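Pasted below: my_file_8.txt, compact mmCIF, C-alpha atoms and all ligand atoms.
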# COMPACT_ATOMS: atom_id res chain seq x y z
CA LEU A 349 -76.75 -105.42 -11.94
CA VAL A 350 -74.70 -104.70 -15.07
CA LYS A 351 -73.00 -107.69 -16.71
CA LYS A 352 -70.24 -107.64 -19.36
CA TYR A 353 -68.13 -105.83 -16.70
CA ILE A 354 -67.84 -102.07 -16.19
CA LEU A 355 -64.82 -100.30 -17.69
CA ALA A 356 -64.66 -97.87 -20.62
CA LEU A 357 -60.95 -98.13 -21.52
CA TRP A 358 -61.08 -94.91 -23.57
CA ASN A 359 -59.76 -92.35 -26.07
CA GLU A 360 -58.14 -92.87 -29.47
CA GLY B 1 -72.90 -78.67 -50.15
CA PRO B 2 -71.05 -81.98 -50.66
CA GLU B 3 -69.66 -81.61 -47.11
CA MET B 4 -66.08 -81.58 -48.39
CA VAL B 5 -63.61 -82.27 -45.59
CA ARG B 6 -59.82 -82.00 -45.27
CA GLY B 7 -58.67 -82.00 -48.89
CA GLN B 8 -61.28 -83.80 -50.98
CA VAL B 9 -65.04 -84.09 -51.50
CA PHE B 10 -67.07 -86.29 -49.14
CA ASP B 11 -70.59 -86.34 -50.60
CA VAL B 12 -72.58 -88.47 -48.15
CA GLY B 13 -75.87 -86.71 -48.83
CA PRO B 14 -78.24 -85.11 -46.29
CA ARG B 15 -78.28 -88.36 -44.26
CA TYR B 16 -74.91 -87.83 -42.58
CA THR B 17 -73.45 -84.56 -41.28
CA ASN B 18 -70.86 -82.98 -38.96
CA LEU B 19 -67.92 -84.82 -40.52
CA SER B 20 -64.88 -85.37 -38.32
CA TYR B 21 -61.62 -86.68 -39.76
CA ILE B 22 -60.42 -89.83 -38.00
CA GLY B 23 -57.54 -90.80 -40.27
CA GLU B 24 -57.28 -94.30 -41.70
CA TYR B 27 -58.42 -98.55 -47.97
CA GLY B 28 -59.13 -94.82 -48.10
CA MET B 29 -60.18 -91.85 -45.97
CA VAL B 30 -62.08 -92.61 -42.77
CA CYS B 31 -64.40 -90.09 -41.13
CA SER B 32 -66.86 -89.96 -38.23
CA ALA B 33 -70.20 -88.50 -39.30
CA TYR B 34 -73.44 -87.92 -37.43
CA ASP B 35 -76.38 -90.05 -38.52
CA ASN B 36 -79.71 -88.22 -38.49
CA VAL B 37 -81.88 -91.22 -39.44
CA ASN B 38 -80.74 -93.18 -36.37
CA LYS B 39 -79.62 -90.13 -34.37
CA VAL B 40 -76.22 -91.58 -33.48
CA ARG B 41 -72.65 -90.90 -34.67
CA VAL B 42 -71.37 -93.39 -37.23
CA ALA B 43 -68.15 -94.13 -39.11
CA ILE B 44 -67.94 -93.51 -42.85
CA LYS B 45 -64.97 -94.57 -44.95
CA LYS B 46 -64.42 -93.20 -48.44
CA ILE B 47 -62.82 -95.65 -50.84
CA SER B 48 -61.97 -94.65 -54.40
CA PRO B 49 -60.74 -97.72 -56.36
CA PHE B 50 -61.50 -98.73 -59.97
CA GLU B 51 -58.00 -97.70 -61.07
CA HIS B 52 -56.25 -100.90 -59.97
CA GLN B 53 -56.56 -104.66 -60.46
CA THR B 54 -56.60 -105.72 -56.81
CA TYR B 55 -58.51 -102.66 -55.57
CA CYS B 56 -61.94 -103.70 -56.86
CA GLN B 57 -61.50 -107.25 -55.56
CA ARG B 58 -60.73 -106.61 -51.90
CA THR B 59 -63.48 -104.00 -51.59
CA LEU B 60 -65.94 -106.37 -53.27
CA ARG B 61 -64.67 -109.18 -51.06
CA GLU B 62 -65.16 -107.04 -47.96
CA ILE B 63 -68.54 -105.66 -49.07
CA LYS B 64 -69.92 -109.12 -49.88
CA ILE B 65 -68.81 -110.86 -46.68
CA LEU B 66 -69.79 -108.06 -44.28
CA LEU B 67 -73.25 -107.98 -45.90
CA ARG B 68 -73.98 -111.68 -45.38
CA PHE B 69 -72.46 -111.78 -41.89
CA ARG B 70 -74.15 -110.78 -38.63
CA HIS B 71 -72.30 -110.99 -35.32
CA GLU B 72 -71.74 -109.18 -32.02
CA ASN B 73 -67.98 -109.36 -32.60
CA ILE B 74 -67.81 -108.64 -36.33
CA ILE B 75 -68.13 -105.12 -37.74
CA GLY B 76 -71.22 -104.57 -39.89
CA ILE B 77 -72.01 -102.27 -42.79
CA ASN B 78 -74.98 -100.11 -41.84
CA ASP B 79 -75.24 -98.32 -45.19
CA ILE B 80 -73.48 -97.74 -48.51
CA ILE B 81 -73.70 -94.59 -50.64
CA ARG B 82 -72.77 -93.98 -54.29
CA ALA B 83 -73.92 -92.55 -57.63
CA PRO B 84 -77.17 -93.72 -59.29
CA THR B 85 -75.32 -94.78 -62.45
CA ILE B 86 -72.25 -96.82 -63.40
CA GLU B 87 -70.63 -93.89 -65.19
CA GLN B 88 -70.95 -91.41 -62.32
CA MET B 89 -69.93 -94.00 -59.72
CA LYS B 90 -66.28 -93.37 -58.92
CA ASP B 91 -66.36 -93.47 -55.12
CA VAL B 92 -67.88 -95.83 -52.55
CA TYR B 93 -68.93 -94.85 -49.03
CA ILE B 94 -69.07 -97.66 -46.48
CA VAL B 95 -71.06 -96.51 -43.45
CA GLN B 96 -70.43 -98.56 -40.30
CA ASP B 97 -71.21 -98.02 -36.60
CA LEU B 98 -68.74 -95.90 -34.64
CA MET B 99 -66.13 -97.34 -32.27
CA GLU B 100 -64.13 -95.64 -29.53
CA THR B 101 -60.74 -97.21 -30.29
CA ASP B 102 -58.82 -100.26 -31.51
CA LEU B 103 -56.41 -102.69 -29.85
CA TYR B 104 -53.24 -101.13 -31.28
CA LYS B 105 -54.12 -97.80 -29.68
CA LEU B 106 -55.12 -99.79 -26.60
CA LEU B 107 -51.94 -101.86 -26.17
CA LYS B 108 -49.92 -98.64 -26.14
CA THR B 109 -50.36 -96.13 -23.29
CA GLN B 110 -52.72 -98.60 -21.54
CA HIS B 111 -52.42 -101.88 -19.58
CA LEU B 112 -54.89 -104.77 -19.34
CA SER B 113 -55.69 -107.01 -16.39
CA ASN B 114 -55.84 -110.79 -16.82
CA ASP B 115 -59.64 -110.54 -16.77
CA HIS B 116 -59.58 -107.93 -19.55
CA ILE B 117 -57.05 -109.93 -21.58
CA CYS B 118 -59.07 -113.14 -21.30
CA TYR B 119 -62.26 -111.29 -22.24
CA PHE B 120 -60.81 -109.71 -25.38
CA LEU B 121 -59.22 -112.97 -26.59
CA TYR B 122 -62.65 -114.52 -26.10
CA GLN B 123 -64.44 -111.91 -28.22
CA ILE B 124 -61.75 -112.46 -30.83
CA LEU B 125 -62.29 -116.22 -30.71
CA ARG B 126 -66.09 -116.01 -30.32
CA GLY B 127 -66.13 -113.82 -33.42
CA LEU B 128 -63.42 -115.75 -35.26
CA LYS B 129 -65.22 -119.07 -34.88
CA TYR B 130 -68.20 -117.60 -36.73
CA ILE B 131 -66.25 -116.49 -39.80
CA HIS B 132 -64.22 -119.70 -39.65
CA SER B 133 -67.46 -121.70 -39.52
CA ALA B 134 -68.24 -120.33 -42.98
CA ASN B 135 -64.89 -121.59 -44.32
CA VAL B 136 -63.60 -118.04 -44.81
CA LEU B 137 -60.07 -116.85 -43.95
CA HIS B 138 -59.27 -113.39 -42.58
CA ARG B 139 -55.65 -113.73 -43.78
CA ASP B 140 -54.58 -110.42 -42.20
CA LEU B 141 -55.38 -110.26 -38.48
CA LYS B 142 -53.85 -107.35 -36.56
CA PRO B 143 -54.41 -105.32 -33.37
CA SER B 144 -55.22 -102.43 -35.72
CA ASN B 145 -57.99 -104.56 -37.22
CA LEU B 146 -59.62 -105.12 -33.84
CA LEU B 147 -61.93 -102.21 -33.04
CA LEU B 148 -63.02 -101.77 -29.42
CA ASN B 149 -66.41 -100.63 -28.16
CA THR B 150 -66.74 -98.40 -25.08
CA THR B 151 -68.19 -101.30 -23.09
CA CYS B 152 -65.19 -103.53 -23.86
CA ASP B 153 -66.81 -105.18 -26.88
CA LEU B 154 -64.47 -106.27 -29.67
CA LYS B 155 -65.14 -106.29 -33.41
CA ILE B 156 -63.08 -107.40 -36.40
CA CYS B 157 -62.48 -105.54 -39.68
CA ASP B 158 -60.16 -105.60 -42.71
CA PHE B 159 -61.88 -108.33 -44.74
CA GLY B 160 -60.30 -107.09 -47.97
CA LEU B 161 -57.61 -109.77 -48.01
CA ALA B 162 -60.21 -112.40 -47.12
CA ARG B 163 -60.32 -115.65 -49.08
CA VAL B 164 -62.32 -118.88 -48.86
CA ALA B 165 -60.79 -121.93 -47.15
CA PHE B 174 -52.35 -112.92 -54.53
CA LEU B 175 -51.09 -113.35 -50.93
CA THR B 176 -47.96 -111.29 -51.62
CA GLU B 177 -49.78 -108.04 -52.43
CA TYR B 178 -49.62 -104.90 -50.24
CA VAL B 179 -49.38 -105.79 -46.54
CA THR B 181 -47.11 -104.72 -40.38
CA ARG B 182 -45.73 -108.20 -41.07
CA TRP B 183 -45.32 -109.03 -37.38
CA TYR B 184 -48.28 -111.41 -37.33
CA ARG B 185 -47.68 -113.70 -40.31
CA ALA B 186 -47.46 -117.48 -39.95
CA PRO B 187 -44.26 -119.53 -40.59
CA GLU B 188 -45.83 -120.77 -43.84
CA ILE B 189 -46.79 -117.28 -45.01
CA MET B 190 -43.12 -116.27 -44.84
CA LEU B 191 -43.14 -116.15 -48.66
CA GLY B 194 -50.70 -120.24 -45.81
CA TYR B 195 -54.18 -121.23 -47.00
CA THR B 196 -56.03 -122.64 -43.98
CA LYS B 197 -57.81 -121.63 -40.76
CA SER B 198 -54.59 -122.09 -38.78
CA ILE B 199 -52.91 -119.02 -40.27
CA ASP B 200 -55.34 -116.74 -38.44
CA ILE B 201 -54.79 -118.53 -35.12
CA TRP B 202 -51.10 -117.65 -35.32
CA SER B 203 -51.97 -113.97 -35.62
CA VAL B 204 -54.42 -114.25 -32.73
CA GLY B 205 -51.63 -116.05 -30.90
CA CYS B 206 -49.25 -113.16 -31.59
CA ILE B 207 -51.95 -110.76 -30.39
CA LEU B 208 -52.36 -112.63 -27.10
CA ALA B 209 -48.59 -112.52 -26.67
CA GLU B 210 -48.72 -108.78 -27.37
CA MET B 211 -51.59 -108.23 -24.92
CA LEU B 212 -49.53 -110.13 -22.37
CA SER B 213 -46.31 -108.15 -22.83
CA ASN B 214 -47.63 -104.78 -24.05
CA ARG B 215 -45.15 -105.11 -26.93
CA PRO B 216 -44.76 -106.99 -30.25
CA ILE B 217 -43.75 -110.62 -29.67
CA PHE B 218 -42.03 -110.92 -33.07
CA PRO B 219 -40.59 -107.54 -34.18
CA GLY B 220 -39.22 -106.64 -37.62
CA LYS B 221 -41.24 -107.07 -40.81
CA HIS B 222 -38.89 -109.11 -43.00
CA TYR B 223 -36.76 -112.28 -43.07
CA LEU B 224 -33.77 -110.98 -41.07
CA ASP B 225 -36.01 -110.26 -38.09
CA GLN B 226 -39.54 -111.67 -37.95
CA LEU B 227 -38.66 -115.23 -38.97
CA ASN B 228 -35.36 -114.73 -37.16
CA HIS B 229 -36.70 -113.48 -33.84
CA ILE B 230 -39.23 -116.30 -33.70
CA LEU B 231 -36.25 -118.66 -33.76
CA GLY B 232 -35.06 -116.92 -30.60
CA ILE B 233 -38.29 -117.81 -28.80
CA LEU B 234 -39.92 -120.73 -30.63
CA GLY B 235 -36.51 -122.26 -31.26
CA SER B 236 -35.30 -124.35 -34.20
CA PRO B 237 -38.16 -126.39 -35.70
CA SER B 238 -38.48 -130.16 -35.76
CA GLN B 239 -37.42 -131.85 -39.01
CA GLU B 240 -41.12 -131.87 -39.86
CA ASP B 241 -40.67 -128.12 -40.35
CA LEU B 248 -36.36 -123.69 -51.21
CA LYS B 249 -34.27 -120.61 -50.45
CA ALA B 250 -36.09 -120.23 -47.14
CA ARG B 251 -35.27 -123.87 -46.44
CA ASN B 252 -31.51 -123.58 -46.97
CA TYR B 253 -31.36 -120.33 -44.99
CA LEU B 254 -32.80 -121.83 -41.81
CA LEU B 255 -30.60 -124.94 -41.88
CA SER B 256 -27.51 -122.74 -42.12
CA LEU B 257 -28.50 -120.80 -39.00
CA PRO B 258 -27.19 -122.21 -35.68
CA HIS B 259 -29.40 -124.40 -33.48
CA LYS B 260 -31.31 -122.62 -30.72
CA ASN B 261 -33.48 -123.66 -27.78
CA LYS B 262 -36.99 -122.55 -26.81
CA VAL B 263 -36.94 -119.84 -24.15
CA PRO B 264 -39.69 -120.63 -21.59
CA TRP B 265 -42.94 -118.67 -21.94
CA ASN B 266 -42.71 -118.22 -18.18
CA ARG B 267 -39.53 -116.20 -18.70
CA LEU B 268 -40.87 -113.68 -21.22
CA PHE B 269 -44.12 -113.59 -19.28
CA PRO B 270 -43.36 -114.25 -15.59
CA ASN B 271 -46.26 -112.19 -14.22
CA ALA B 272 -48.75 -113.79 -16.61
CA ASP B 273 -51.48 -116.39 -16.04
CA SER B 274 -50.25 -120.00 -16.13
CA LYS B 275 -53.42 -120.90 -18.03
CA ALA B 276 -52.99 -118.29 -20.76
CA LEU B 277 -49.35 -119.22 -21.33
CA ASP B 278 -50.41 -122.81 -22.03
CA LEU B 279 -52.94 -121.61 -24.60
CA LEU B 280 -50.44 -119.08 -25.97
CA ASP B 281 -48.00 -121.92 -26.68
CA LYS B 282 -50.78 -123.99 -28.26
CA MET B 283 -51.66 -121.10 -30.57
CA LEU B 284 -48.07 -120.17 -31.39
CA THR B 285 -46.74 -123.54 -32.54
CA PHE B 286 -44.49 -123.63 -35.59
CA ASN B 287 -46.23 -126.16 -37.86
CA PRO B 288 -49.84 -125.39 -39.00
CA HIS B 289 -50.82 -129.03 -38.47
CA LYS B 290 -52.19 -129.53 -34.96
CA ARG B 291 -51.64 -125.80 -34.32
CA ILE B 292 -54.90 -125.89 -32.33
CA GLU B 293 -58.32 -124.88 -33.67
CA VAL B 294 -61.17 -122.50 -32.89
CA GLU B 295 -63.74 -123.92 -30.42
CA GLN B 296 -60.83 -125.99 -29.08
CA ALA B 297 -59.26 -122.74 -27.91
CA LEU B 298 -62.67 -121.74 -26.56
CA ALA B 299 -62.72 -124.91 -24.46
CA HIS B 300 -59.37 -124.02 -22.86
CA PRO B 301 -59.48 -123.56 -19.04
CA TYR B 302 -58.37 -119.94 -19.51
CA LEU B 303 -61.75 -119.37 -21.15
CA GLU B 304 -64.27 -121.08 -18.87
CA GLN B 305 -65.83 -117.94 -17.39
CA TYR B 306 -66.95 -116.77 -20.83
CA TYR B 307 -67.29 -119.89 -22.99
CA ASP B 308 -70.94 -120.62 -23.74
CA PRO B 309 -71.36 -122.75 -26.91
CA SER B 310 -75.15 -122.57 -26.49
CA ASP B 311 -75.20 -118.80 -27.04
CA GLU B 312 -72.17 -118.28 -29.30
CA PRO B 313 -73.44 -118.12 -32.92
CA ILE B 314 -71.98 -120.17 -35.76
CA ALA B 315 -72.25 -119.90 -39.55
CA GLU B 316 -75.64 -120.97 -40.90
CA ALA B 317 -73.93 -122.29 -44.04
CA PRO B 318 -70.47 -122.18 -45.68
CA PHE B 319 -69.76 -119.35 -48.13
CA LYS B 320 -70.90 -120.90 -51.42
CA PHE B 321 -69.03 -120.63 -54.72
CA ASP B 322 -69.43 -119.83 -58.44
CA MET B 323 -70.27 -116.25 -57.43
CA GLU B 324 -66.65 -115.66 -56.43
CA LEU B 325 -63.75 -116.15 -58.84
CA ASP B 326 -61.92 -112.84 -59.10
CA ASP B 327 -59.80 -113.41 -62.18
CA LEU B 328 -62.09 -110.87 -63.86
CA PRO B 329 -61.09 -107.51 -65.37
CA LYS B 330 -61.70 -104.29 -63.40
CA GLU B 331 -64.54 -103.44 -65.79
CA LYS B 332 -66.57 -106.47 -64.69
CA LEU B 333 -65.67 -106.02 -61.02
CA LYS B 334 -67.16 -102.51 -60.98
CA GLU B 335 -70.38 -104.05 -62.28
CA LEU B 336 -70.27 -106.56 -59.42
CA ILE B 337 -69.76 -103.71 -56.94
CA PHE B 338 -72.80 -101.98 -58.44
CA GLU B 339 -75.05 -105.02 -57.95
CA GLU B 340 -73.86 -105.62 -54.38
CA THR B 341 -74.31 -101.92 -53.62
CA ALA B 342 -77.70 -101.51 -55.33
CA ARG B 343 -79.20 -103.28 -52.30
CA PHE B 344 -78.42 -100.11 -50.33
CA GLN B 345 -79.10 -97.40 -52.91
CA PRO B 346 -81.93 -95.12 -51.63
CA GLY B 347 -84.00 -95.23 -54.82
CA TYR B 348 -83.45 -98.90 -55.62
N1 LIG C 401 -66.12 -98.34 -37.80
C1 LIG C 401 -65.23 -97.54 -37.16
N2 LIG C 401 -65.57 -96.88 -36.04
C2 LIG C 401 -64.68 -96.09 -35.42
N3 LIG C 401 -63.43 -95.92 -35.89
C3 LIG C 401 -63.03 -96.55 -37.02
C4 LIG C 401 -63.94 -97.37 -37.66
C5 LIG C 401 -63.17 -97.87 -38.80
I1 LIG C 401 -63.95 -99.22 -40.28
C6 LIG C 401 -61.90 -97.35 -38.79
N4 LIG C 401 -61.85 -96.56 -37.69
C7 LIG C 401 -60.65 -95.79 -37.29
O1 LIG C 401 -59.55 -96.25 -38.05
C8 LIG C 401 -58.57 -96.88 -37.18
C9 LIG C 401 -57.96 -98.08 -37.87
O2 LIG C 401 -56.93 -98.66 -37.08
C10 LIG C 401 -59.35 -97.18 -35.90
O3 LIG C 401 -58.52 -97.31 -34.76
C11 LIG C 401 -60.31 -96.00 -35.82
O4 LIG C 401 -59.64 -94.84 -35.34
Encoded form using structure tokens:
Amino acid sequence: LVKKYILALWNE
Amino acid sequence: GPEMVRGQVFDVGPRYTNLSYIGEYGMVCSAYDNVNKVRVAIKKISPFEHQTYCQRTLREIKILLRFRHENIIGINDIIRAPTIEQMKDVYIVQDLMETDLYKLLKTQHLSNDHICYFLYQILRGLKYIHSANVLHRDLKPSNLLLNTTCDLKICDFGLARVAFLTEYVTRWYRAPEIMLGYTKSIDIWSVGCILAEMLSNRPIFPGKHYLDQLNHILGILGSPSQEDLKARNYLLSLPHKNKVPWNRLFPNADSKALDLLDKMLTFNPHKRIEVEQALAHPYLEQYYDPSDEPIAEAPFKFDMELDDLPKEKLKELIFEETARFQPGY
């Protein structure tokens, strides 16, 4: 159970 | 010693270390905090040699100090010299972020769920600052930092004013009244342009001057109603055009979002939608929670802000606002 959704996009 | 990096000195004291140059008011670096044991972002700003320099940094320092929000960047610490005379540089220490939206919109694509979520965090955060009767004036994808866990924060409060304009400005996100704009609605336009850019992965209104930006909008928004001096005569001379359907530029986009996008990107500032209203839009029902979303406790009061003062007095104002963070005081 982890809200706020799970994706890290990523690097600059 | 002073932990000099790149070309110039970066004296942040023993508190921060392992400086890494990020890029870019002034130089921006990523240091390691030892007091909180977590990497932070420090930006070196060296003003005091210009009229509008001391204002925007004071304007940004003040506002960010009295604001607290999950979607607005916050100053963790400020470092400078103990005395007025030796104070030439200011170090704004803020929490570190992985990227911003400009770096995001390029090389990467967002799903409708990710687009909706970001626009929400923009609006959720915007409605706080707007609740305090303060204008961001310059909203950009580059001013929207992004946390690793898809959390959005807003920066660049230098050009902020309460509810010279022309001074140093990416003019792709200006409102039709800021062509050459003093209300909440001028920020919505920018946020509208951003949504259009998140939806197309490209700038909705390219070119940063009159022959393009206010000319390309005519290609999409069309000729204005007669509700709408040298900018006046120029538009009337230009041939009549029609509004190209939002479902032609964005055919693979959400029907909900396109409705909101059109409500945000209307020509005239009057009835150009409002915050909270945009939050109530069907496109944002999965996230909208007015019971949790914080608002301003009180409008940004006056008398303390009237920056027609000389640079000499502004430096003094910086000193007072910064003394709250100075280690010994
Ligand atoms: N607080 C922060 N945390 C992490 N990075 C930051 C900041 C700040 I203030 C600025 N930047 C870096 O500067 C770029 C500005 O578009 C950003 O994209 C970013 O590279």
Show me, as a VMD selection string, every residue of chain B with an atom at most 8 Å from chain A, counting only C-alpha atoms. chain B and resid 100 to 102 105 to 106 150 to 152
Identify, on the basis of only C-alpha atoms, every residue whose closest approach to residue 204 in chain B does not exceed 9 Å; exclude the query and any residue fewer than 4 positions from it along the same chain; express the result as a CSV table (one decimal) with C-alpha atoms, in the frame of the given file.
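Saved as out_2.csv:
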chain,number,residue,atom,x,y,z
B,121,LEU,CA,-59.2,-113.0,-26.6
B,124,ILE,CA,-61.8,-112.5,-30.8
B,125,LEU,CA,-62.3,-116.2,-30.7
B,141,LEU,CA,-55.4,-110.3,-38.5
B,142,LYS,CA,-53.8,-107.4,-36.6
B,143,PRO,CA,-54.4,-105.3,-33.4
B,184,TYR,CA,-48.3,-111.4,-37.3
B,200,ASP,CA,-55.3,-116.7,-38.4
B,208,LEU,CA,-52.4,-112.6,-27.1
B,209,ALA,CA,-48.6,-112.5,-26.7
B,283,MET,CA,-51.7,-121.1,-30.6
B,284,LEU,CA,-48.1,-120.2,-31.4
Using only C-alpha atoms and all ligand atoms, determine which residues fall within 9 Å of ligand LIG 401 (chain C), then list them as a VMD selection string. (chain A and resid 360) or (chain B and resid 22 to 24 30 to 32 42 to 45 75 to 77 94 to 105 143 to 149 157 to 158)
Point-to-point distance in Å for CA of residue 47 in chain B and CA of residue 137 in chain B: 22.5 Å
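Computed from the coordinates, the CA of residue 347 in chain B to CA of residue 83 in chain B distance equals 10.8 Å.
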Nearest residue to residue 48 in chain B out of B:21, B:302, B:10, B:16, using only C-alpha atoms? B:10
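The protein and nucleic acid residues lying at most 10 Å from residue 304 in chain B are residues 118, 122, 298, 299, 300 and 308 of chain B, with all atoms listed in the file considered and sequence neighbours fewer than 4 positions away removed.
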To one decimal in Å, tell me the separation between CA of residue 238 in chain B and CA of residue 262 in chain B.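 Between these atoms lies a distance of 11.8 Å.
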Return the single residue from B:108, B:274, B:254, B:259 that is closest to residue 210 in chain B, with distances computed using all atoms listed in the file. B:108
Kindly compute an axis-aligned box around the listed atoms of chain A, allowing 4 Å on each side, and express its centre and edge lengths in Å to one decimal as lines of an AutoDock Vina configuration file.
center_x = -67.4
center_y = -100.0
center_z = -20.7
size_x = 26.6
size_y = 23.3
size_z = 25.5
Mind writing chain A to a file for me, with N, CA, C and O atoms, as a short mmCIF file (atom, residue, chain, number, x, y, z; two decimals), in the first residue's frame?
data_model
loop_
_atom_site.label_atom_id
_atom_site.label_comp_id
_atom_site.auth_asym_id
_atom_site.auth_seq_id
_atom_site.Cartn_x
_atom_site.Cartn_y
_atom_site.Cartn_z
N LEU A 349 0.82 -1.20 0.00
CA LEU A 349 0.00 0.00 0.00
C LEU A 349 0.86 1.26 0.00
O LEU A 349 1.33 1.71 1.05
N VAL A 350 1.08 1.82 -1.19
CA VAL A 350 1.82 3.07 -1.33
C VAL A 350 1.05 4.03 -2.23
O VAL A 350 1.03 3.87 -3.45
N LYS A 351 0.42 5.03 -1.62
CA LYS A 351 -0.36 6.01 -2.37
C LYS A 351 0.55 6.97 -3.14
O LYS A 351 1.75 6.74 -3.24
N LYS A 352 -0.05 8.04 -3.68
CA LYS A 352 0.67 9.06 -4.45
C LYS A 352 1.30 8.48 -5.72
O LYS A 352 2.10 9.15 -6.38
N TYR A 353 0.94 7.24 -6.05
CA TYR A 353 1.42 6.53 -7.24
C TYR A 353 2.93 6.26 -7.21
O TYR A 353 3.68 6.93 -6.50
N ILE A 354 3.36 5.27 -7.99
CA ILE A 354 4.75 4.81 -7.93
C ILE A 354 5.48 4.92 -9.28
O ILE A 354 5.48 3.99 -10.08
N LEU A 355 6.10 6.08 -9.51
CA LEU A 355 6.97 6.28 -10.66
C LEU A 355 7.97 7.39 -10.35
O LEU A 355 7.61 8.40 -9.75
N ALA A 356 9.22 7.20 -10.75
CA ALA A 356 10.29 8.11 -10.34
C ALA A 356 10.75 9.07 -11.43
O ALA A 356 11.71 9.82 -11.23
N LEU A 357 10.06 9.06 -12.57
CA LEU A 357 10.41 9.91 -13.71
C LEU A 357 11.88 9.73 -14.08
O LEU A 357 12.21 8.77 -14.78
N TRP A 358 12.70 10.70 -13.66
CA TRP A 358 14.15 10.60 -13.36
C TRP A 358 15.03 11.72 -13.92
O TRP A 358 14.58 12.84 -14.16
N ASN A 359 16.31 11.37 -14.10
CA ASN A 359 17.45 12.28 -14.27
C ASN A 359 17.29 13.65 -14.93
O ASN A 359 16.50 13.83 -15.86
N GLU A 360 18.08 14.61 -14.43
CA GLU A 360 18.21 15.93 -15.02
C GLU A 360 18.98 15.86 -16.34
O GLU A 360 19.10 16.86 -17.05
#
